[PDB]
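Source file work37.pdb; content: PDB, C-alpha atoms (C1' of nucleotides).
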ATOM      1  CA  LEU A   1      27.216   2.290 -16.434
ATOM      2  CA  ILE A   2      28.249   5.778 -15.285
ATOM      3  CA  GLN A   3      27.085   6.994 -11.878
ATOM      4  CA  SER A   4      26.257  10.695 -12.014
ATOM      5  CA  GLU A   5      27.972  12.971  -9.514
ATOM      6  CA  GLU A   6      26.509  16.096  -7.893
ATOM      7  CA  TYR A   7      23.052  14.494  -8.158
ATOM      8  CA  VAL A   8      21.568  11.886  -5.815
ATOM      9  CA  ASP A   9      18.153  10.426  -4.992
ATOM     10  CA  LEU A  10      17.013  11.053  -1.413
ATOM     11  CA  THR A  11      14.615   8.177  -0.693
ATOM     12  CA  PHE A  12      12.336   8.279   2.358
ATOM     13  CA  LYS A  13      10.332   5.217   3.346
ATOM     14  CA  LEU A  14       6.674   6.211   3.038
ATOM     15  CA  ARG A  15       3.721   4.822   4.986
ATOM     16  CA  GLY A  16       0.191   5.957   5.711
ATOM     17  CA  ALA A  17      -3.368   5.870   4.461
ATOM     18  CA  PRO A  18      -4.131   5.061   0.808
ATOM     19  CA  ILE A  19      -3.192   8.065  -1.286
ATOM     20  CA  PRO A  20      -4.665   9.514  -4.517
ATOM     21  CA  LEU A  21      -2.823   8.331  -7.609
ATOM     22  CA  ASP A  22      -2.569  11.865  -8.987
ATOM     23  CA  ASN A  23      -0.984  13.269  -5.828
ATOM     24  CA  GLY A  24       0.912  16.137  -7.442
ATOM     25  CA  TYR A  25      -0.161  19.311  -5.693
ATOM     26  CA  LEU A  26      -1.210  17.345  -2.603
ATOM     27  CA  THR A  27       2.259  15.939  -1.915
ATOM     28  CA  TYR A  28       3.993  19.131  -3.029
ATOM     29  CA  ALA A  29       1.886  21.314  -0.723
ATOM     30  CA  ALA A  30       2.320  18.933   2.212
ATOM     31  CA  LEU A  31       6.099  18.970   1.780
ATOM     32  CA  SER A  32       6.116  22.758   1.333
ATOM     33  CA  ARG A  33       4.153  23.162   4.566
ATOM     34  CA  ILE A  34       6.634  20.874   6.317
ATOM     35  CA  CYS A  35       9.670  22.311   4.484
ATOM     36  CA  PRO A  36       9.410  26.032   3.613
ATOM     37  CA  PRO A  37      12.779  25.978   1.771
ATOM     38  CA  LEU A  38      11.379  23.418  -0.688
ATOM     39  CA  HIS A  39       9.253  26.135  -2.310
ATOM     40  CA  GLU A  40      12.233  28.265  -3.381
ATOM     41  CA  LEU A  41      14.431  25.448  -4.710
ATOM     42  CA  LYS A  42      14.949  25.239  -8.470
ATOM     43  CA  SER A  43      16.704  22.037  -9.613
ATOM     44  CA  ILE A  44      14.749  19.507  -7.567
ATOM     45  CA  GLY A  45      12.303  16.802  -8.594
ATOM     46  CA  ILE A  46      10.018  14.473  -6.663
ATOM     47  CA  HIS A  47       9.669  10.911  -7.901
ATOM     48  CA  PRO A  48       6.258   9.326  -8.526
ATOM     49  CA  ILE A  49       5.319   7.160  -5.565
ATOM     50  CA  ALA A  50       5.760   3.465  -6.351
ATOM     51  CA  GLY A  51       2.890   1.350  -5.052
ATOM     52  CA  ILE A  52       0.267  -1.022  -6.384
ATOM     53  CA  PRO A  53      -2.972   0.547  -7.679
ATOM     54  CA  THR A  54      -6.127   0.230  -5.601
ATOM     55  CA  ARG A  55      -9.763   0.949  -6.423
ATOM     56  CA  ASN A  56     -11.034   4.336  -7.635
ATOM     57  CA  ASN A  57      -8.176   6.707  -8.563
ATOM     58  CA  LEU A  58      -6.312   5.983  -5.321
ATOM     59  CA  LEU A  59      -2.889   4.464  -4.673
ATOM     60  CA  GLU A  60      -2.048   2.127  -1.795
ATOM     61  CA  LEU A  61       1.277   2.508   0.006
ATOM     62  CA  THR A  62       3.355  -0.645   0.450
ATOM     63  CA  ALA A  63       6.479  -1.316   2.491
ATOM     64  CA  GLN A  64       8.365  -0.823  -0.786
ATOM     65  CA  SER A  65       6.612   2.507  -1.396
ATOM     66  CA  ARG A  66       9.008   5.369  -0.729
ATOM     67  CA  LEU A  67       9.161   9.114  -1.308
ATOM     68  CA  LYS A  68      12.169   9.746  -3.556
ATOM     69  CA  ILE A  69      13.656  13.198  -4.168
ATOM     70  CA  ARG A  70      16.215  14.084  -6.845
ATOM     71  CA  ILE A  71      18.350  16.976  -5.608
ATOM     72  CA  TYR A  72      21.794  18.514  -5.952
ATOM     73  CA  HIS A  73      23.930  16.777  -3.338
ATOM     74  CA  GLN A  74      25.141  20.113  -1.930
ATOM     75  CA  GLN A  75      21.541  21.299  -1.435
ATOM     76  CA  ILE A  76      20.558  18.376   0.813
ATOM     77  CA  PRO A  77      21.407  20.269   4.069
ATOM     78  CA  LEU A  78      18.686  22.736   3.056
ATOM     79  CA  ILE A  79      15.823  20.210   3.268
ATOM     80  CA  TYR A  80      17.202  17.249   5.253
ATOM     81  CA  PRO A  81      16.487  18.575   8.795
ATOM     82  CA  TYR A  82      12.914  19.452   7.784
ATOM     83  CA  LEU A  83      12.115  16.047   6.237
ATOM     84  CA  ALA A  84      14.273  13.345   7.853
ATOM     85  CA  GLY A  85      12.290  11.923  10.761
ATOM     86  CA  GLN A  86       9.385  14.363  10.449
ATOM     87  CA  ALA A  87       5.757  13.778   9.458
ATOM     88  CA  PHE A  88       3.505  15.360   6.835
ATOM     89  CA  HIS A  89      -0.260  15.181   6.350
ATOM     90  CA  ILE A  90      -2.202  14.612   3.130
ATOM     91  CA  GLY A  91      -5.783  15.659   3.744
ATOM     92  CA  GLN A  92      -6.558  14.261   7.194
ATOM     93  CA  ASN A  93      -4.060  11.370   7.411
ATOM     94  CA  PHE A  94      -0.587  11.503   8.955
ATOM     95  CA  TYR A  95       2.400  10.113   7.042
ATOM     96  CA  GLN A  96       5.808   9.455   8.590
ATOM     97  CA  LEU A  97       9.268   9.671   7.023
ATOM     98  CA  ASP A  98      12.345   7.973   8.469
ATOM     99  CA  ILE A  99      16.074   8.522   7.897
ATOM    100  CA  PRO A 100      16.521   8.676   4.107
ATOM    101  CA  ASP A 101      18.954   6.669   2.020
ATOM    102  CA  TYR A 102      21.036   7.975  -0.876
ATOM    103  CA  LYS A 103      20.804   6.359  -4.304
ATOM    104  CA  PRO A 104      23.273   7.303  -7.060
ATOM    105  CA  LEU A 105      22.033   8.429 -10.460
ATOM    106  CA  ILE A 106      22.842   5.539 -12.811
ATOM    107  CA  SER A 107      23.189   5.939 -16.565
ATOM    108  CA  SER A 108      20.946   3.966 -18.905
ATOM    109  CA  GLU A 109      20.725   3.744 -22.687
ATOM    110  CA  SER A 110      16.908   3.886 -22.603
ATOM    111  CA  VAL A 111      15.192   6.205 -20.116
ATOM    112  CA  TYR A 112      11.523   6.661 -19.269
ATOM    113  CA  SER A 113       9.329   9.502 -18.038
ATOM    114  CA  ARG A 114       5.858   8.902 -16.630
ATOM    115  CA  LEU A 115       4.600  12.373 -17.467
ATOM    116  CA  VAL A 116       5.935  15.323 -19.470
ATOM    117  CA  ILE A 117       4.090  18.656 -19.346
ATOM    118  CA  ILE A 118       4.735  21.447 -21.853
ATOM    119  CA  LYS A 119       2.620  24.593 -21.718
ATOM    120  CA  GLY A 120       0.385  25.064 -24.749
ATOM    121  CA  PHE A 121       1.224  21.784 -26.535
ATOM    122  CA  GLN A 122      -1.583  19.210 -26.473
ATOM    123  CA  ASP A 123      -1.364  17.322 -29.774
ATOM    124  CA  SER A 124       1.208  14.595 -30.363
ATOM    125  CA  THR A 125       3.142  16.316 -33.164
ATOM    126  CA  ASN A 126       3.524  19.686 -31.435
ATOM    127  CA  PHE A 127       4.491  17.906 -28.219
ATOM    128  CA  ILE A 128       7.134  15.831 -30.017
ATOM    129  CA  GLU A 129       8.665  18.847 -31.745
ATOM    130  CA  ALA A 130       8.626  20.692 -28.408
ATOM    131  CA  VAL A 131      10.566  17.892 -26.710
ATOM    132  CA  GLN A 132      12.981  17.937 -29.661
ATOM    133  CA  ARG A 133      13.442  21.678 -29.117
ATOM    134  CA  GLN A 134      14.006  21.113 -25.392
ATOM    135  CA  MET A 135      16.635  18.498 -26.245
ATOM    136  CA  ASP A 136      18.263  21.064 -28.535
ATOM    137  CA  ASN A 137      18.360  23.594 -25.686
ATOM    138  CA  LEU A 138      20.324  21.224 -23.430
ATOM    139  CA  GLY A 139      22.161  19.501 -26.294
ATOM    140  CA  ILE A 140      20.896  15.912 -26.047
ATOM    141  CA  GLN A 141      20.532  13.663 -29.095
ATOM    142  CA  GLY A 142      18.059  10.795 -28.979
ATOM    143  CA  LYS A 143      14.892   9.287 -30.392
ATOM    144  CA  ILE A 144      11.564  10.158 -28.754
ATOM    145  CA  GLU A 145       8.896   7.486 -28.295
ATOM    146  CA  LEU A 146       5.508   7.922 -26.625
ATOM    147  CA  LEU A 147       4.137   5.388 -24.156
ATOM    148  CA  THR A 148       1.016   3.639 -25.429
ATOM    149  CA  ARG A 149      -1.899   1.871 -23.765
ATOM    150  CA  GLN A 150      -3.303  -1.489 -24.876
ATOM    151  CA  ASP A 151      -4.858   0.262 -27.900
ATOM    152  CA  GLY A 152      -1.606   1.863 -29.099
ATOM    153  CA  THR A 153      -2.796   5.442 -28.602
ATOM    154  CA  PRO A 154      -0.212   7.835 -27.121
ATOM    155  CA  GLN A 155      -0.803   8.118 -23.385
ATOM    156  CA  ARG A 156      -2.082  11.322 -21.784
ATOM    157  CA  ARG A 157      -2.201  12.194 -18.091
ATOM    158  CA  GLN A 158      -3.731  15.077 -16.154
ATOM    159  CA  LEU A 159      -2.349  17.072 -13.224
ATOM    160  CA  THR A 160      -4.889  18.632 -10.851
ATOM    161  CA  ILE A 161      -3.755  21.811  -9.082
ATOM    162  CA  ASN A 162      -6.154  22.714  -6.260
ATOM    163  CA  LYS A 163      -4.905  26.289  -5.878
ATOM    164  CA  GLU A 164      -7.353  28.199  -3.644
ATOM    165  CA  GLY A 165     -11.028  27.385  -4.225
ATOM    166  CA  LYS A 166     -10.719  26.656  -7.938
ATOM    167  CA  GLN A 167      -9.160  23.468  -9.295
ATOM    168  CA  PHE A 168      -6.888  23.550 -12.327
ATOM    169  CA  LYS A 169      -6.368  21.299 -15.351
ATOM    170  CA  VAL A 170      -2.800  20.758 -16.576
ATOM    171  CA  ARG A 171      -2.102  17.877 -18.947
ATOM    172  CA  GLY A 172       0.797  16.146 -20.642
ATOM    173  CA  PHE A 173       2.205  12.996 -22.217
ATOM    174  CA  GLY A 174       4.399  10.119 -21.090
ATOM    175  CA  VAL A 175       7.483   9.576 -23.236
ATOM    176  CA  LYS A 176      10.159   6.910 -23.620
ATOM    177  CA  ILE A 177      13.586   8.023 -24.842
ATOM    178  CA  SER A 178      16.498   5.875 -26.039
ATOM    179  CA  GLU A 179      19.723   6.262 -28.049
ATOM    180  CA  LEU A 180      21.191   8.642 -25.490
ATOM    181  CA  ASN A 181      24.690   7.321 -24.486
ATOM    182  CA  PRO A 182      25.570   7.418 -20.761
ATOM    183  CA  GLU A 183      26.721  11.050 -20.551
ATOM    184  CA  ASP A 184      23.670  12.575 -22.232
ATOM    185  CA  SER A 185      21.461  10.048 -20.429
ATOM    186  CA  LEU A 186      22.752  11.302 -17.080
ATOM    187  CA  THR A 187      22.389  14.905 -18.245
ATOM    188  CA  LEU A 188      18.743  14.292 -19.154
ATOM    189  CA  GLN A 189      18.065  12.419 -15.908
ATOM    190  CA  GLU A 190      19.473  15.262 -13.798
ATOM    191  CA  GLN A 191      17.949  18.094 -15.829
ATOM    192  CA  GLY A 192      14.679  16.427 -16.800
ATOM    193  CA  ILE A 193      12.387  17.687 -19.542
ATOM    194  CA  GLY A 194       9.290  19.830 -19.609
ATOM    195  CA  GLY A 195       8.109  21.631 -16.506
ATOM    196  CA  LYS A 196       6.507  20.916 -13.144
ATOM    197  CA  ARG A 197       9.516  18.888 -11.996
ATOM    198  CA  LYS A 198       8.594  19.087  -8.306
ATOM    199  CA  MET A 199       5.000  18.283  -9.322
ATOM    200  CA  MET A 200       5.627  14.501  -9.506
ATOM    201  CA  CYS A 201       6.210  14.704 -13.269
ATOM    202  CA  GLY A 202       8.898  15.517 -15.818
ATOM    203  CA  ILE A 203      11.684  13.407 -14.278
ATOM    204  CA  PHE A 204      13.229  10.371 -15.981
ATOM    205  CA  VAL A 205      13.648   6.734 -14.920
ATOM    206  CA  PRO A 206      15.122   3.686 -16.750
ATOM    207  CA  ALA A 207      12.972   1.909 -19.356
ATOM    208  CA  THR A 208      12.021  -0.996 -17.079
ATOM    209  CA  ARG A 209       9.490   1.386 -15.546
ATOM    210  CA  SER A 210       8.457   2.204 -19.124
ATOM    211  CA  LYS A 211       7.569  -1.426 -19.825
ATOM    212  CA  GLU A 212       5.919  -1.756 -16.407
ATOM    213  CA  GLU A 213       3.686   1.258 -17.084
ATOM    214  CA  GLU A 214       2.952  -0.111 -20.562
ATOM    215  CA  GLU A 215       1.666  -3.288 -18.900
ATOM    216  CA  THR A 216      -1.133  -1.407 -17.111
TER     217      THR A 216
ATOM    218  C1'   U B   1     -53.119 -85.634  -2.199
ATOM    219  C1'   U B   2     -49.208 -85.195   4.193
ATOM    220  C1'   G B   3     -52.671 -86.574  12.571
ATOM    221  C1'   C B   4     -53.845 -83.730   6.565
ATOM    222  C1'   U B   5     -58.079 -80.511   4.359
ATOM    223  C1'   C B   6     -60.365 -74.626   7.533
ATOM    224  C1'   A B   7     -58.004 -71.945  11.452
ATOM    225  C1'   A B   8     -56.338 -63.420  13.356
ATOM    226  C1'   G B   9     -54.655 -63.918  20.858
ATOM    227  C1'   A B  10     -57.847 -60.383  19.199
ATOM    228  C1'   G B  11     -60.287 -55.365  20.767
ATOM    229  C1'   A B  12     -58.694 -50.744  24.845
ATOM    230  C1'   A B  13     -55.146 -48.383  28.228
ATOM    231  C1'   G B  14     -50.640 -40.890  29.622
ATOM    232  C1'   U B  15     -45.725 -43.608  34.437
ATOM    233  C1'   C B  16     -48.147 -39.760  36.214
ATOM    234  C1'   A B  17     -48.313 -35.298  39.683
ATOM    235  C1'   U B  18     -43.940 -32.150  43.191
ATOM    236  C1'   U B  19     -38.720 -31.151  44.360
ATOM    237  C1'   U B  20     -32.475 -24.618  44.581
ATOM    238  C1'   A B  21     -26.455 -29.068  44.782
ATOM    239  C1'   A B  22     -27.073 -25.413  47.998
ATOM    240  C1'   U B  23     -24.246 -22.750  51.754
ATOM    241  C1'   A B  24     -17.649 -20.696  52.755
ATOM    242  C1'   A B  25     -12.892 -20.163  50.786
ATOM    243  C1'   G B  26      -6.306 -14.474  48.716
ATOM    244  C1'   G B  27      -1.971 -19.325  44.514
ATOM    245  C1'   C B  28       0.204 -16.839  48.345
ATOM    246  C1'   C B  29       4.806 -14.913  49.992
ATOM    247  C1'   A B  30      11.434 -13.711  47.680
ATOM    248  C1'   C B  31      14.286 -12.986  43.422
ATOM    249  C1'   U B  32      19.181  -7.195  38.869
ATOM    250  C1'   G B  33      19.837 -11.312  32.764
ATOM    251  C1'   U B  34      25.663  -9.571  36.930
ATOM    252  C1'   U B  35      30.881  -8.539  34.230
ATOM    253  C1'   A B  36      33.909  -7.039  29.324
ATOM    254  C1'   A B  37      34.226  -5.216  24.458
ATOM    255  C1'   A B  38      36.967   0.161  18.150
ATOM    256  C1'   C B  39      32.924  -2.016  12.409
ATOM    257  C1'   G B  40      35.935  -3.686  10.835
ATOM    258  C1'   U B  41      36.717  -2.083   6.115
ATOM    259  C1'   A B  42      33.239  -2.946   0.272
ATOM    260  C1'   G B  43      26.132  -7.447  -1.027
ATOM    261  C1'   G B  44      20.104  -3.077  -4.630
ATOM    262  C1'   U B  45      13.904  -1.578  -6.483
ATOM    263  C1'   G B  46       6.926  -3.093  -8.613
ATOM    264  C1'   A B  47       2.993   1.538 -13.157
ATOM    265  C1'   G B  48      -3.204   7.373 -14.253
ATOM    266  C1'   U B  49      -5.858  10.253 -18.334
ATOM    267  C1'   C B  50      -7.813  13.021 -22.265
ATOM    268  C1'   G B  51      -8.428  19.994 -25.759
ATOM    269  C1'   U B  52      -5.091  26.483 -21.244
ATOM    270  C1'   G B  53      -6.568  28.629 -15.996
ATOM    271  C1'   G B  54      -3.489  33.082 -11.954
ATOM    272  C1'   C B  55       1.939  35.121 -12.880
ATOM    273  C1'   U B  56       5.861  35.177 -16.641
ATOM    274  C1'   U B  57       7.658  38.265 -23.829
ATOM    275  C1'   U B  58       4.516  33.609 -27.824
ATOM    276  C1'   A B  59       8.710  31.699 -25.770
ATOM    277  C1'   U B  60       9.825  28.746 -21.210
ATOM    278  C1'   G B  61       9.137  27.878 -16.639
ATOM    279  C1'   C B  62       6.401  28.980 -11.503
ATOM    280  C1'   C B  63       1.438  28.279  -8.454
TER     281        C B  63
END
Output the structure of this file as structure tokens.
Amino acid sequence: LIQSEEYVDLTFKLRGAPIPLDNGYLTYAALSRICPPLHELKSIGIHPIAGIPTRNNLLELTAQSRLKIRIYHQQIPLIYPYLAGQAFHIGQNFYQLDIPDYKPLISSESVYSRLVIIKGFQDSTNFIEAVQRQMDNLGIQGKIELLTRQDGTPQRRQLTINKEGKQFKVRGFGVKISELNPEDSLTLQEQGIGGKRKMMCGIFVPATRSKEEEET
RNA sequence: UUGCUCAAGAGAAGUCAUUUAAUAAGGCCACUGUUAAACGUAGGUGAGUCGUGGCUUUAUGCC
């Protein structure tokens, strides 16, 4: 019920060819090529693209699919002229961005993260204690829950970094966090958890997305 | 047993051979969608895969 200040969500309407579901490095590299200043930013995160799943491991862009960027509101003039109205290419297809819209950062009792990556922690217990430690670093109190598939197993996801010729394997979990109160909820949403925040992972969304991801 | 009782109009046959509905034609010439305005002030979101790889002190984050 509290709208966070100093942090907004720059949302660009996204359209183009069907896109891989594990975009990650693809989208980040395309934006970096379009926007050189995006590489050197620190407290910025890119939202997972919202669109229905298509065949293979691809993702199809809808009219409701939009590229959303979480950024300090004073740092917008550093990336706005490079992104607003410009076009970026993923592979061989051209994708166009229009004038973005600003969305305030709303507080929620229960927040959700698609994907949390912590270096060197692969098992569930070590991952959970690592996220507890990360909460302790930023002073947030809450209960950690892990998203589960239809079988109840904790969910794992993989991030593919195609740096140079070799391709890289970086993996993490998808958590659901509640019992946060609005102030700490906003603090967690702005700061995020884990690493690879610009890498389409580590950011937090309300728990409606948590249930939606739990569906499929 | 009925002006009745019985009682095949039956056998066979190509409507055939040949013929351009053809020669010619502009839906054409003309048209302003003219003229005027303070944004005043308050309407929201749909979804994967599975056991360390180049930097960085394990840390913890970058590619």
For stretch 37-47 of chain A, please output as a PDB file with C-alpha atoms, keeping the file's coordinate frame all residues within 6 Å (counting all atoms listed in the file; exclusion window: fewer than 3 positions along the same chain).
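Contents of around.pdb, as written:
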ATOM      1  CA  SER A  32       6.116  22.758   1.333  1.00  0.00           C
ATOM      2  CA  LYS A  68      12.169   9.746  -3.556  1.00  0.00           C
ATOM      3  CA  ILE A  69      13.656  13.198  -4.168  1.00  0.00           C
ATOM      4  CA  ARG A  70      16.215  14.084  -6.845  1.00  0.00           C
ATOM      5  CA  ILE A  71      18.350  16.976  -5.608  1.00  0.00           C
ATOM      6  CA  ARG A 197       9.516  18.888 -11.996  1.00  0.00           C
ATOM      7  CA  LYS A 198       8.594  19.087  -8.306  1.00  0.00           C
ATOM      8  CA  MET A 200       5.627  14.501  -9.506  1.00  0.00           C
TER       9      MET A 200
END
Distance query residue B:44 at most 12 Å, all atoms listed in the file, self and fewer than 6 positions along chain excluded, as number ranges by chain: A: 101-104
Using all atoms listed in the file: which of A:205, A:30, A:95, A:172 has the shortest distance to residue A:130: A:172
Exercise: residue A:189 partners within 9 Å, all atoms listed in the file, chain neighbours under 6 positions left out, as a ChimeraX atom specification: /A:105-107,111,203-205
Go ahead and save the residues from that selection, with C-alpha atoms, as a tab-separated table (two decimals), keeping the file's coordinate frame.
chain	number	residue	atom	x	y	z
A	105	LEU	CA	22.03	8.43	-10.46
A	106	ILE	CA	22.84	5.54	-12.81
A	107	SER	CA	23.19	5.94	-16.57
A	111	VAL	CA	15.19	6.20	-20.12
A	203	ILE	CA	11.68	13.41	-14.28
A	204	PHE	CA	13.23	10.37	-15.98
A	205	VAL	CA	13.65	6.73	-14.92
Chain and number of each residue from the PyMOL selection byres ((chain B and resi 48-58) around 6), as an MDAnalysis selection string: (chainID A and resid 156:158) or (chainID B and resid 59)
A:109, A:22, A:9, A:136 ranked by distance to chain B, top pick (using all atoms listed in the file): A:22
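Neighbours of residue A:119 closer than or equal to 10 Å, with all atoms listed in the file counted and sequence neighbours fewer than 3 positions away skipped, come out as residues 122, 127, 130, 170, 171, 172, 194 and 195 of chain A; 52, 60 and 61 of chain B.
Residues captured in this structure file are residues 17, 18, 19, 20, 21, 22, 23, 49, 51, 52, 53, 54, 55, 56, 57, 59, 60 and 61 of chain A; 48 of chain B, according to the PyMOL selection byres ((chain A and resi 58) around 12).
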Long-range neighbours of residue A:155 as a VMD selection string, 8 Å cut-off, all atoms listed in the file, 4 positions minimum in chain: (chain A and resid 146 to 149 173 to 174) or (chain B and resid 49)
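With all atoms listed in the file as the atoms that count, the minimum distance from chain A to the choices B:47, B:6, B:16, B:30 is reached by B:47.
If you look at atom CA of residue A:132 and atom CA of residue A:153, they are 20.2 Å away from each other.
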Expected selection from the PyMOL selection byres ((chain A and resi 96) around 12), given as JSON, numbers by chain: {"A": [12, 13, 14, 15, 16, 17, 30, 31, 34, 61, 66, 67, 83, 84, 85, 86, 87, 88, 89, 90, 93, 94, 95, 97, 98, 99, 100]}
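Taking atom CA of residue A:169 and atom CA of residue A:48 as endpoints, the distance between them is 18.7 Å.
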